[PDB]
Each structure stands twice: as C-alpha cells, then as structure tokens.
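Taking it in order: structure first as structure tokens, then the write-up.
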Amino acid sequence: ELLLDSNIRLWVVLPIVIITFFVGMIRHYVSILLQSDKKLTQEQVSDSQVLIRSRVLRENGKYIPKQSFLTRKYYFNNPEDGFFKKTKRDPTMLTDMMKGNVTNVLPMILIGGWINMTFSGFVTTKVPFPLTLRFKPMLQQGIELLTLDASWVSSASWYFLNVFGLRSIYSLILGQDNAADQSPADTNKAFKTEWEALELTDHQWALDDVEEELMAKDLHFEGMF
Amino acid sequence: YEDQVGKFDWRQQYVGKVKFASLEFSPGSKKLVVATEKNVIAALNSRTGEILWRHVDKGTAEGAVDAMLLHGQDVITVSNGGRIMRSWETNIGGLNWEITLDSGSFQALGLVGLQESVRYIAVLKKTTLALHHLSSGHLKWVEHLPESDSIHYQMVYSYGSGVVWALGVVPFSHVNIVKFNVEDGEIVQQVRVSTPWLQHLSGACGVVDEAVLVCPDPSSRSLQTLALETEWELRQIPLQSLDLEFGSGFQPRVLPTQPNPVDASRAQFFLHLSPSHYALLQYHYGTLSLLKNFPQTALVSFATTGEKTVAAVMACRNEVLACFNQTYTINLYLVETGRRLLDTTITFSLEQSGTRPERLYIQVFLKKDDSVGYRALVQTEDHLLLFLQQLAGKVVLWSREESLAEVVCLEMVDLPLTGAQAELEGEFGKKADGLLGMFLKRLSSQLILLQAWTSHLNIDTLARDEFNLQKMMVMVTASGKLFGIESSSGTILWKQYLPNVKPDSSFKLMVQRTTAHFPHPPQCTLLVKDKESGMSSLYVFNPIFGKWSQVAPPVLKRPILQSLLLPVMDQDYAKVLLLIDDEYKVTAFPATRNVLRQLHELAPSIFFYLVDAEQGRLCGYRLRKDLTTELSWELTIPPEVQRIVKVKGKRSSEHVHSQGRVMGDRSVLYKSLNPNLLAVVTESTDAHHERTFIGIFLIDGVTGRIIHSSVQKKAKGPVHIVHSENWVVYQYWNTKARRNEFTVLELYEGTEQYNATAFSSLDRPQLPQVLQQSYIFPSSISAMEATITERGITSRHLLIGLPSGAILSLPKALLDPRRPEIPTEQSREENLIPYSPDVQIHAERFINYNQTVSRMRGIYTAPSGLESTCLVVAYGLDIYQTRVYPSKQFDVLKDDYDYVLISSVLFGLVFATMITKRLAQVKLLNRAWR
Ligand SMILES: CCCCCCCC/C=C\CCCCCCCC(=O)OC[C@H](COP(=O)(O)OCC[N+](C)(C)C)OC(=O)CCCCCCC/C=C\CCCCCCCC
Ligand SMILES: *[C@@H]1O[C@H](CO)[C@@H](O[C@@H]2O[C@H](CO)[C@@H](O)[C@H](O)[C@H]2NC(C)=O)[C@H](O)[C@H]1NC(C)=O
Ligand SMILES: *[C@@H]1O[C@H](CO)[C@@H](O)[C@H](O)[C@H]1NC(C)=O
C-alpha cells in the first residue's frame, strides 16, 4: 500500500467532513432565514381557495347525493349562474428568484474550488473500489504521479463524495424534507381548465350501495371499555 | 531547494590523508596549511578544525602535491612531478603566481637567501636546477649541473652566505657536491668523494650545523661526516664512543632543522638509529656529543618559536612492540640542552585498537609567563587527525576523520523499532484457538496502551522514525575503516578498523538481515579482497552497534570471484549469501543445514556470471545440487578491439509498479521487464579521435542471449551508465563534435505480453524491440544513479553528478525515446514533448543548493519510507546527504499549511452555525406569531 502521512488525517480528512457537514447546516438555516412569504391580496387567495374547493369536490363528490352534485355543477360551469364566467382579471422578483435558485448549488461548487486550492498536492484517502483510469484527471487534481492507482483521491473529489453522501444524514438529523442538499401563476387558464375538466367529470353517489355492503357483516364492538 | 536550507540535508568536508603539513604561522593567524594524498590543498582553522579555503585538484597523478614549503604568509607548492609551481596566499585563499617548469623529475625543494632575507626559491630536477623569484615567480636562472646524466641529485642547501649547495649520489658509488652562487648561478665549485656503502641521500643522509653533511653508516656502525665548507674528504666517527648502535635490517635516518632559510642550521639534530629509538647529537667542530637518548619513542618533531628550537617526542606511558592502552604522551625537550621541559607533558588516548600514530607536527608559542606552550597535530595510521592542546581539559581539540575522504561502498540499514512500537510485533502471531484468549490479550494490550497514554499527564536510545525517514549509513573506507553515520544529523555512532587492508582492495557490502526481526540482531557482511595476494576474507558485524557478531565467518581458503545475495532466508531470517571460489566451487553463508537443504532444493535456478575484463570473457555458471558450478554459457568480446569497462546490472531491491504503459489509442504497450539483464558497456581499444567507438551489449544473465549489441561510432569514454527497471542510460563523450551525449535504450515488448504468471529467461524467444535516442548534455559528468522508491510509484529521476559539485535531478520522462521528431495527435494524446536534442541544466533543478561535492565519486539512493522521498547520499571528497521529492512530496502535508486559517474557519463557523440556528428559531417563532 502507501504509508500516508498521519497528519493528513487530522487536518485534511476530518476538517473536510466537518466543513461539509456544518456548511450544509449553515445553508439550510440561511435558506429558512431568507424565505419570506410574498404578500397576497384578497382576490388571489380567494380564487385559489375556490379552485381548491372545486378540486376537492371533483375528487370526493361521491359521498354527496346526485341533486347536490348537479347543483354544484350548475353553480360552477353554466352561463346562467355566471360563476367561472364573470370571474377573472432587470425586475426585482426575477433577480431574487434566480439568486435563490442559484444559491442551492453554487456555494457547494465554490467551497469545492476553495478546498481544491487550499488542500492541493495531497493524497487524502483511498477510495475502496477500483475506479477507472479514465477518471484520473478529476480525482487526482494537483498530483503529478502517472502510475498511481486510480483509487487514490485528492482533497477536492473527497469533499465532493462527502457532500454527495451527507444529504441522507441531513434528513436524519435536521428534519424531514430539509433544504440542505445538492439536487397558480395564472387563474384564467386555470378557470378554463377547471371548467372543461368538471364538464368531463361524472357523478357516482357512493351511498347507493353502502347499506348492502354494511348489512353483510356485523358491527365491530369489542374494546368498548 | 524551496529555501528550507539545513532542515534535512547535511554536508561534511573531508580532505585526504595529510601527506604534507605546515603549522608555522602567526599566533593570531590560527591556520594550518595541509596538502593531502587526495591532491587537495586546504587550510584548517586551528581553534575548531574547519575548512577555511579548499582547492581540490585533478584526481589522477597529474596534479599530485610533491613538496610543500611555507614562508611568511604564503605557502608554496609543487604539483605534477615538478611541472607546476604555485604560491597560495593563506589569508585571502587564492593563488599569487603559477609558473610552469621544464621537464625532468623533481627531487628537492628549498629556499635561498641573499644576505639577510629569503627572496628566491631553488628547485632541483634530476637534470637541472632553477631559481625563481618570490614576488612574481619569474625565473631567475637555470643551470644544468655537470655530469648529471649519471648522478642523481637529492638535496639543496643555502643560507645567508648567498651561495647554493647541490648534492648528488650514485648508488653504492661516489657522490658529488656543487657550489653555485645566487648572484649569477655559475658553478663556483665542484667536489667528489667516495661512498661505497651509501645507498641514497634523501632517505638516509642529512646536513646539520654549518652545512656539515652527515650520513649514518650501518656497515661500520658509525657516522660519516663531511665538513662541507672546507673539508674535501669524508671523516668517520664510530658510535661506540657515544654508546650508540644501529638496528638490523633497517635504514637509519638523520633529522636536521632550519628555523629560517637565511640562517644556518642548528648544531643539534635527531638521529633515528632504529624504530622506537632516537638520539640527539650536537656536532661541534669535527666532534659530536650525545645530548639525550630517547628509547621506545615512535615519532619526533621539531619547531621554532623564533629564537630557540623545541623538540617534541612521542611515546606511550608503558610499553607492553605495540603500546599498553593506546595512551601516548608527548614531551617537550629543549634543543640547546637535552633537558625535558617542565609541565609540558601531554597525554591522549586513541579510541581504536591496532592503530598507531604516524605523523606529528607541532606548533609552539610563548605563553604569558614566557613558557613554551605547544599544540600537536598527529595523524594516526588509519587517517585520523588529532589536535592536542596543552591544557588538561579537552585534551583533544578537534578530532577529524579524514579517512572518510575515500569511501568505497555504503549501505543504508533501518534503525531498530522504537519502544512504543516494539510490542506490536510480539503479541501478533499467537493464533490462539479460542476467541476468549484473543479477546483477553487484546483487552490487556488496550489497558496497557491506555495506561501508557495516561502516564503522559545517542546510540543507547536509537529508534526508528515514524516515516522510516531516518536510517543509519554503514560506510566502508579503503583505509579499511567502517563507520556508522546517522542519516539525519550526520554524526558518527560507531567506528571500527580492519587491520592490514591494502589500499587497492575491493569491497562488497551486503545487508544480510535487517532490523524487522527484533528478537534477532541486525547483521551485515563486508567482503574484502586483497588485490596483490588474492585471498579474500569476510567480516560480519552488527550494523547498529558495530561489534563483530559471534557468528564466525567461514575461512575462505581459495581466492573468490563473485558473490550473490539470494532472497531465500534461513529460519532466523538471514538472507543466504553465496561465494564462488577460484576452483569454481560454491561456499554458502551461514551454510546451515536448513540453508543447505533450501538451496539444494532450489539449486538449478541460481546462476552466476563472471566478467573477466582482462581476457574480455564472460561466463555464466549454473548451481548443481552438490554446490558445484558448470559452464552454462560463455561469450568472448575480443580484448584486441574492445575492453569491458562496466557491467552494471539492475538493482535487486527495486519493484516496478506499472508493468505496461498507456499508449493512448485505448491501447497498452508492455515493457520487457527482464530481471537478469546485464548492460555490459565496453570501450574501443583504438584511442584515435576518429576511429574510437563505444559498445553496449544487453547480454542476458541466464541463457547468454545478446538482446542488443549496439555500437556507437566516433565516441570515447569515460562512460557512465545507469540500468533501471526497463531502460538503460549511458552518458559518453563524442569526439567528432566535442560534446557529452546521452543515449537512452528502452526495451519494449509487443502489444500483448508473452507471459504474465511468471518470467523465465529460458522462455523468452521474442527479442524485445529497442528504442534509442541520443541527447546532448551541455556539461561533463562524474556519477549517476537513478532515484529509487520502495514501490516504484514515484517517477524516476537521474542524479547527474557534475564536476562543479551540483547534483542535477534530470527527469527520466524527458529522456523518453518515443518523443517524436514531428508532433502528432498520438503524441498530444500521450502528451509527449517534441524531440529536443538539447537537455537543459537549469540551476533550479539541483537537489543541492550550494553544498557542492567536489570530486564526486558516487551517488547512493535509498528507498526510505513513504513514497515521494528518496534518500540521497553523494559521496566523494565531501559527503552530502539529503532527500529528493521527484513528485513534489505528494503524500505529506505541506510545510506552509495554514493551521491558523483552517482552525479559525472551523471554530468561527461552528459559532456561526449556533448563531444562525438561534436566528432561524427566532424567525420561525416570530413568523408563527406574526
Ligand atoms: C460510526 C458511524 C455511525 C454514524 C452515526 C449515524 C447513525 C446514528 C443514529 C441515531 C442514534 C441516536 C438515537 C437517538 C434518538 C434520535 C431520534 C429520536 O427518536 O429522538 C427524538 C429527538 C428529537 O427528534 P429529531 O427531530 O431531532 O429527529 C429528526 C426527526 N426525523 C427522524 C423524523 C427527521 O432526537 C434528539 O434527541 C436529537 C438528536 C437526533 C439524532 C442525532 C444524531 C445525528 C448526529 C450526527 C449524525 C452524523 C453526523 C457526524 C457523522 C459524520 C461522518 C461522515
Ligand atoms: C549557501 O546558501 C545558503 C542559503 O542561501 C547561505 O546561507 C545564507 O547566508 C546568508 C549570509 O549570512 C544569510 O543571510 C542567510 O540567512 C542564509 N540562509 C539561510 C537559509 O539561513 C550560505 O551562506 C551559502 N553559502 C555560501 C558559501 O555562500
Ligand atoms: C584505556 O584508554 C581508554 C580510553 O578510551 C580509557 O577509557 C581506559 O580507562 C584506559 N584503560 C586503562 C587501564 O588505562
């Protein structure tokens, strides 16, 4: 094998892991700090909630009798009722959203570049599987060796492996669906597509056969205590 | 380089055995001027023994110092058999005048005076005499002494009388004396006397008092005398009247003095009757008197403080020949009266055994109380300089080991395992059947280590470094001296002497057992062979402590020819060593029952090759079951047109990482790794500048097949060849264009390897193809050896040894023979530099910065630990040690690591994480409550 310097472990192996871990935590906390809810006026939230009600009705109107459902239909999509017909209406926001989208990966690549400069010229760890020789130019940046086994990796790619393999740990400790990783706008068209979709939808009163499917088996009663 | 001077490298400056010395100097000048057998003229600091200015010369006999004299502040030297005479300014450290002389063998050098001051030099050659000015060296006058075609002149005398005395002899016949005059040079006078018993003048005769010639005659046990001012016939005085006698089968000597050339010699003088015997005799107008007899005294010396002469006499405390405990006392005796000085006795002890002092030069001065205070430079028999000062404390001032000037062979032996790591090799290997025992011993070791850690709240303690970067060098010196030098600090740890070793003997040092076998001591074997007799002997010693091992080496009755270090090991992990005698029998060592069985079962796979350069023959012998050799193969390079000069084979202790090399094209080209490949390089016996040639044969070591038979035309030696894993590189001189040239031979097989499981020299029917390319090196060369790493991962570099003293680190990748003359897409894919016939010697590549190693003799490269550092020992006149990083030290933390930045970012970013967590919690709570 290779008699690697022990001091490479205490200052190039562990610090990379610590930096990656706490930079991920920093990124997640900065992401939650930056997020601010955009101000919404009454009309937009009102129409969003209205289409929410329409979609949930389309989903589970089976538990509602037929006359109530077709009255819903009359109210939603019918000339005479009027609803769904008489219901319609470098920039800072683009720069802000582009910067927010950029800040999810670019800080990782900048940290990688800084690590590649700072820790250039080492052999940090041996990747325990035989990587291909054609992968040499990116795993072993800063090394002039030629016959060195491809399984030996410099600092930058070791940090990259660390940042790829630590997202699951982030989900483990930080919380479910954390933001530390590496990876309606228009209502008129929404109104029209809801119109067409709920026109295409049908009715099936799920209570037409509940009694017969209930009469078949006795009612569970144990555990009353 | 990298401007880390003195962190790892160390250089020692060594002059040779001190042939001629000069101590007479001003008391405040504190200088010694010494010219050695290594052609070196140097100045040593009196106080501490260090080089002030050193001027090396040609290694051959064409620059050998033949006679030194000192006058005032400049030292005058003669070199190349009287061909050149130089004057060196001792203060500045440079020449004052260099004058060439005419032909004729130099015989004697002396000074002359006009009336009160010395101003000219009288130099005498076998056929003439010459006078030269001190100021500029301009020739004053040259006179051909009469009849000199038959006589041999041996001495020259002059003093304030303004005349020149010349003396010549013919062995066992008459002798002649000539009087010249300094003003003109014409022959003022000439006399002849009959000396039938005389043999030679310089060794035996002398001249004392007022030019009175004194030849000691052992035939009649007397002192023949000639009052050279007026007497024309020799007179005789027996020593019986003075109670003195000569030895048997020995040549007595006579030692006069001359405090300054202008004044006449002191009347008193020494007479060396017999070895370990001296007398002080005072001649006074036709009669002589014994002043003091010194029995059992080895060496005597003379000095002058300006007005009185002082004699130093050397003898041990009590004779036991030999001496009781190598404790020698030197005593001061006045020359005016043979009375011992008071409180001037010095006493010292030579560390070694069997070594006795050979040369003694003393320097005197006046103390505060007008007492003669003296210091003595004594050179022992084993080329060791001791400076002894009168005051009792530190009786030796500076002990200099000049013997290391000429080192023949050295090897690097790893240091013993440290105490903190010794137990890691003892607990292992138990292989207990039950897991409970293994757990018990593992936990016991864990508690031991925990206790050792919690407790943390010189050859005696020598220990291996963590990187194994600090070894100890066992050095062999043609003076027959063994040294152990720690490779990190350069200090000396143990010294040993081999009695009766001739200067021309051939050595061979082999590391039979290293230090990785802690229950067993490390053991090395040195194989010496006297050239004149032919008998060879084996000395086995521990390379760490230096004491001879109790394992008695076998007595090699017959002369031996070659030796082998078989990788097979005995039960005590000692590598088997084989010797082939003159009757072509084989002697093993340690040659135990187990070794004999092991090498008898493996007998047919051991081959010797002997290269007799005198007859131009190469022979290769098998190894039969019963330890006998048979003529397996034989080749003859005819000596009438070619003489073999180098037989460099590849080093046995190296490994090759990449068997093949990537050619691009998604294909691989396989190297021809033949481990039995000789690289015999021969010169053309025709020395003409236009017809000379240099041949190189890549002869196989087993089957005798000539893989390659290149012959370079129009070239002349010397040739310096390195043979490595695959390639060979031999530098040579090109007479047609007058420029040093390299020539790289790379051996390549086909696109597919013939056999991968094993390599056999009997199963290689495909001759490997050879790739050649010749480059221009813009300077000369003195020593080459490739840098070797343990696993061969690190790139290969050639350590070119220039005459200037630097050590160029030429990358082997530059010397690739596949560098195309016209770049193509294949070359760009492989990143091959276009072929450039010129190789640069850019000063930024030197592995040493200004520690030049004058007259470099060899470069030893040791694998060391790690993978990027190779230990380098350049040995020659100076000896220099360093480390080389051919791959910029890829596996070690950089010296310029920003600890104060990494720690700062860590502990200023953990706090940042805490602060931003608090901020996130506060913002989340505020957003929830709004
Ligand atoms: C040798 C290599 C092994 C690597 C170790 C990783 C695996 C070891 C894991 C877990 C063992 C700890 C068991 C303690 C119980 C914790 C969980 C629990 O039921 O208790 C509840 C509380 C609070 O619940 P929560 O919201 O915080 O959990 C997140 C909620 N969920 C999971 C839905 C997202 O738990 C708490 O006390 C808060 C603490 C939560 C657990 C902290 C452990 C994570 C810390 C470090 C992991 C790796 C970092 C360093 C490694 C670098 C090497 C590359
Ligand atoms: C050989 O080179 C070394 C390193 O450049 C020289 O040592 C320097 O000497 C000067 C003169 O006093 C100091 O100012 C420097 O600090 C020294 N360098 C270091 C790294 O300490 C050395 O003098 C040179 N040898 C000769 C004979 O010139
Ligand atoms: C012999 O000389 C050595 C010098 O190293 C000294 O140590 C030792 O005591 C001496 N022995 C005797 C008996 O004088």
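We're sticking with Swiss-Prot numbering for chain B, so the shown stretch reads 23-342, 366-502, 521-993, in order.
Going by what the header records, the deposited coordinates were determined by electron microscopy, 3.6 Å.
For all residues, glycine too, the Cβ spot is worked out from N, Cα and C.
The disulfide bond annotation in Swiss-Prot covers B:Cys227-B:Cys237 (among others). A strand conformation is recorded for B:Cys237 (disulfide bond) in the three-state DSSP classification.
Secondary structure at B:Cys368 (disulfide bond), taken from DSSP and collapsed to helix, strand or coil, is coil. Taking Cβ-Cβ distances under 8 Å and a sequence gap of 6 or more within the same chain, the neighbours of B:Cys368 (disulfide bond) are B:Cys338, B:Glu341, B:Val342, B:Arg401. What Swiss-Prot lists as disulfide bond is B:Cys338-B:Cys368 (among others).
Per Swiss-Prot, N-linked glycosylation site is recorded for B:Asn370 (among others).
Under a cutoff of 8 A between CB atoms, and with a sequence separation of 6+ in the same chain, the neighbours of B:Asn818 (N-linked glycosylation site) are B:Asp826. Per Swiss-Prot, the feature N-linked glycosylation site maps to B:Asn818 (among others).
B:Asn913 (N-linked glycosylation site) falls within neither a helix nor a strand when secondary structure is assigned with DSSP, and so counts as coil. Listed in sequence order, the same-chain residues six or more apart from B:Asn913 (N-linked glycosylation site) with CB atoms under 8 A from its CB number zero; the list is none. According to Swiss-Prot, the N-linked glycosylation site annotation covers B:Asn913 (among others), on the basis of experimental evidence.
Per Swiss-Prot, the feature transmembrane segment maps to B:963-983.
Taken from Swiss-Prot, the feature topological domain 'Cytoplasmic' covers B:984-993, and the record attributes it to experimental evidence.
The most densely surrounded of the recorded positions B:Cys227, B:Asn370, judged by C-beta neighbours within 10 angstroms, is B:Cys227.
According to DSSP, the secondary structure content of the topological domain 'Cytoplasmic' (B:984-993) in residues is 9 helix, 0 strand, 1 coil. Contact with chain A, taken as any Cβ pair under 8 Å, is found for none of the recorded positions B:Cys227, B:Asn370, B:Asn913. Annotation for B:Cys237 (disulfide bond): spatial neighbours B:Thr217, B:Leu220, B:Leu223, B:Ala226, B:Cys227, B:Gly228, B:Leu245, B:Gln246, B:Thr247, B:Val276, criterion Cβ-Cβ under 8 Å with sequence separation of six or more. Within 10 Å of the C-beta of B:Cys338 (disulfide bond) we count 22 further C-beta atoms, all protein chains included. Checking the recorded positions B:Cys338, B:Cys368, B:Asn370 for a CB within less than 6 Å of any atom of ligand 3 leaves B:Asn370, listed in sequence order.
Checked against ligand 2, the recorded positions B:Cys237, B:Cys368, B:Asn370, B:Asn913 give B:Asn913 as the ones with a Cβ under 6 Å from it, listed in sequence order.
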